K.L.:
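A single structure is presented below for examination.
Read the numbers this way: they start at 1 and go in the same order the structure lists the ligands and their atoms. The figures here come from the full heavy-atom set of this structure, side chains too, leaving out hydrogens, waters and symmetry mates. Proteins come first, then strands; the chains are lettered A, B, ... in the order of their sequence lines, and each starts at number 1.
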Amino acid sequence: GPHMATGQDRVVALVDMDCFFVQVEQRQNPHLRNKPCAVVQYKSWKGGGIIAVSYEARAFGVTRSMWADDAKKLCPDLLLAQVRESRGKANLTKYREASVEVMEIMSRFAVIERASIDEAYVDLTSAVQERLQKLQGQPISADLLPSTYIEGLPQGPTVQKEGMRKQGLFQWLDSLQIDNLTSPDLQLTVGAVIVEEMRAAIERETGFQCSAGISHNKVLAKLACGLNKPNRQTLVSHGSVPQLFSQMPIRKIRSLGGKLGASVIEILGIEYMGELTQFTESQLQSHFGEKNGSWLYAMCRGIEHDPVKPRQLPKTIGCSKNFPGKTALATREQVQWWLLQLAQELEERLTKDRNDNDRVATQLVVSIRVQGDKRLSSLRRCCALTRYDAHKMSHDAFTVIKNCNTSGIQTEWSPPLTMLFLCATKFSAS
DNA sequence: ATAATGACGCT
DNA sequence: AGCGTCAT
Ligand SMILES: Cc1cn([C@H]2C[C@H](O)[C@@H](COP(=O)(O)NP(=O)(O)OP(=O)(O)O)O2)c(=O)[nH]c1=O
Ligand SMILES: [Mg+2]
Ligand SMILES: [Mg+2]
């Protein structure tokens, strides 16, 4: 009983920017603020693919992956901003630079793990200990958690949203043990007070709003973070897991959203995270392998161990472009030209990277897709990266792939190429 | 005819 | 090393 390791040793947060690219455009262009807007890339085919949607536009049914002309059918006052284009391709530099803004602020409170362009995990265990010594042993106010939700509360014996939020918050605080510094519920509560402050600083200093989740691990933090977007944070406690998971679709836990989670549903014949507790670990390892079974056995009990790695900077810098339909690259003049375009954006980013973060890449990864191939990558070969020069890299990339050209003649390329990819990896201090 | 990325796992 | 999974 006492000998069951309950996974409450750490405080972990996930901070995720709300409709990030839309917010980045709305700061630049006031005209777009507090209106239905989407961010699109490439206007030509159907008015553009949408990649980010404001919450106002979401309310009409606009989703990412949508064509902008379909979007205008559900939402005719939709406003659009389009991604920058350079050298024939979408260029995400604005949002990368806006991301650095936000990660840098986050870094002041705690070590962060950049998880994507718009979210980072936080390990607040140490900071919580400090704020807990500072706090003598005094109660925690609800004024210190003005945007926090407590998952599972309220329960027991106001019908409008903000009032409901405070009721759960006061229920949570009315049952706190504020004299016990190793009480994991107190620890979470304190973590969420820091995340209120970290989130105020972000919006104070950037104009960007975010949501967040505060729990004991990365899966729960991520999952908590999406229960009350936008502009809100959510505390998932160890004790709230069994109710939460009893109706939680398996596909919603991170890394179960694909073929693994579909096979858990299909082999086990279940639907919800909580039905995994029935199985023994050995059982789950026979169905799903040694690491997954172990991982699943703890995860359904709300235990996960993957640590917040100290890594604020990407490990790979890549540029890619699809050539869909009858835009597939069929001449070798054509393949060279786009390999050079890509290599010029890669060169400029690598030079900025070196001056920014004092490191040089040593390996260039080339990848193409051919037309009619059913995989998303047909080939991927490495080669040495010794100079940050676009023509050398694109020359090197071409020779690494030139023998994929099966066309009978010299100047053609067959079958036509549907994707090109250049990535810099293997960084070393400079 | 989503598209542009970026991390991590398997052999 | 090259490929595959899952994510955002
Ligand atoms: C999911 C996803 C997002 N993005 C770009 C713009 C998104 O704003 C940036 C951050 O992703 P996110 O947090 O999953 N989506 P969001 O920030 O727009 O919306 P939310 O407020 O977090 O729900 O993702 C893509 O470019 N491809 C994607 O598949
Ligand atoms: Mg976001
Ligand atoms: Mg995100």
Side-chain angles (χ1 to χ4, degrees), chain A residues 12-29 32-42 48-68 71 75 78-85 89-103 105-106 112-122 147 149 195 198-199 202-203 206-214 218-234 251-255 257-258 308 312 314 316 318-322 376 419 421:
Chain A
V12 161
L14 182 281
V15 178
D16 193 279
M17 312 307 292
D18 298 331
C19 46
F20 182 45
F21 291 14
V22 163
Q23 267 193 113
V24 178
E25 302 290 330
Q26 288 170 334
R27 180 183 75 191
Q28 189 182 283
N29 195 157
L32 302 173
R33 300 176 171 182
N34 316 295
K35 306 192 177 297
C37 40
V39 171
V40 283
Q41 45 180 32
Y42 304 128
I50 287 154
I51 61 169
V53 195
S54 94
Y55 278 75
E56 296 77 343
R58 295 197 198 180
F60 294 84
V62 192
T63 71
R64 77 152 298 109
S65 77
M66 208 167 267
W67 300 119
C75 192
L78 184 58
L79 289 186
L80 305 181
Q82 71 200 62
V83 181
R84 178 156 107 196
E85 263 164 68
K89 74 178 295 294
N91 170 286
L92 300 172
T93 295
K94 202 195 293 177
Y95 319 107
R96 291 201 180 90
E97 279 175 348
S99 176
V100 164
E101 276 186 69
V102 171
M103 314 279 167
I105 304 167
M106 292 198 275
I112 74 176
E113 173 176 10
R114 189 196 183 271
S116 76
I117 202 173
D118 92 293
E119 81 219 53
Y121 291 90
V122 190
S147 58
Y149 280 86
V195 180
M198 180 189 264
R199 289 180 49 246
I202 292 175
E203 176 179 23
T206 62
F208 301 142
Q209 295 179 350
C210 48
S211 300
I214 305 92
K218 282 154 72 160
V219 167
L220 289 185
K222 176 57 174 187
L223 182 54
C225 174
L227 308 170
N228 294 104
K229 298 194 148 261
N231 207 15
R232 297 292 178 275
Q233 63 185 63
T234 311
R251 62 167 169 279
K252 302 313 180 178
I253 272 61
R254 188 215 205 261
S255 82
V308 187
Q312 190 181 338
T316 50
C319 321
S320 48
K321 185 179 163 51
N322 292 342
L376 305 98
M419 182 269 277
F421 178 63

K.L.:
If we ignore hydrogens and angles and just use 3.5 Å, is the side chain of A/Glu113 paired with the main-chain N or O of A/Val122 as donor and acceptor?
P.N.:
no
K.L.:
Determine yes or no for a side-chain-to-main-chain donor-acceptor pair under 3.5 angstrom, with A/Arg232 supplying the side chain and A/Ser211 the backbone.
P.N.:
no
K.L.:
How about the Mg ion (ligand 3), which protein N, O or S atoms come within less than 2.8 Å?
P.N.:
A/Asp16 OD2, A/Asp118 OD1, A/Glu119 OE1
K.L.:
Heavy atoms, side chains only, cut-off 4.5 Å: are A/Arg199 and A/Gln233 in contact?
P.N.:
yes
K.L.:
Hey, can you tell me if A/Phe208 and A/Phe20 have their rings parallel, tilted or perpendicular (30° and 60° cut-offs)?
P.N.:
perpendicular
K.L.:
Is the closest side-chain heavy-atom distance between A/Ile51 and A/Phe21 below 4.5 Å?
P.N.:
yes
K.L.:
Between ligand 1 and the protein, which N/O pairs are shorter than 3.5 Å?
P.N.:
| from | atom 1 | to | atom 2 | distance (Å) |
| --- | --- | --- | --- | --- |
| ligand 1 | 4 (N) | A/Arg64 | NH1 | 3.3 |
| ligand 1 | 8 (O) | A/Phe20 | N | 3.4 |
| ligand 1 | 11 (O) | A/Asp118 | OD1 | 3.4 |
| ligand 1 | 13 (O) | A/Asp16 | OD1 | 3.1 |
| ligand 1 | 13 (O) | A/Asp118 | OD1 | 3.2 |
| ligand 1 | 13 (O) | A/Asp118 | OD2 | 2.8 |
| ligand 1 | 17 (O) | A/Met17 | O | 2.9 |
| ligand 1 | 17 (O) | A/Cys19 | N | 3.4 |
| ligand 1 | 17 (O) | A/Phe20 | N | 3.1 |
| ligand 1 | 17 (O) | A/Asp118 | OD2 | 3.4 |
| ligand 1 | 18 (O) | A/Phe20 | N | 3.4 |
| ligand 1 | 19 (O) | A/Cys19 | N | 3.3 |
| ligand 1 | 19 (O) | A/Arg58 | NH2 | 2.9 |
| ligand 1 | 21 (O) | A/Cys19 | N | 2.8 |
| ligand 1 | 21 (O) | A/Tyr55 | OH | 2.9 |
| ligand 1 | 21 (O) | A/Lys229 | NZ | 3.4 |
| ligand 1 | 22 (O) | A/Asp16 | OD1 | 2.6 |
| ligand 1 | 22 (O) | A/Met17 | O | 3.2 |
| ligand 1 | 22 (O) | A/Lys229 | NZ | 3.1 |
| ligand 1 | 23 (O) | A/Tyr55 | OH | 3.0 |
| ligand 1 | 23 (O) | A/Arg58 | NH1 | 3.3 |
| ligand 1 | 23 (O) | A/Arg58 | NH2 | 3.2 |
| ligand 1 | 27 (N) | A/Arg64 | NH1 | 3.1 |
| ligand 1 | 27 (N) | A/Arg64 | NH2 | 3.3 |
| ligand 1 | 29 (O) | A/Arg64 | NE | 3.4 |

K.L.:
Go through the side-chain N and O atoms of A/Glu25 and A/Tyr95 and say whether any donor and acceptor fall under 3.5 Å apart.
P.N.:
yes
K.L.:
Got a sec, which residues hit side chain to side chain contact (heavy atoms under 4.5 Å, CB included) with A/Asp16, two or more places apart in sequence or on another chain?
P.N.:
A/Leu14, A/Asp118, A/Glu119, A/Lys222, A/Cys225, A/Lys229
K.L.:
Test of understanding: with side chain to side chain contact (heavy atoms under 4.5 Å, CB included), list the residues that count as partners of A/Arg33, not counting sequence neighbours.
P.N.:
A/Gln26, A/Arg27, A/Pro30
K.L.:
Got a donor-acceptor contact below 3.5 angstrom from the A/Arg84 side chain to the A/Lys94 backbone?
P.N.:
no
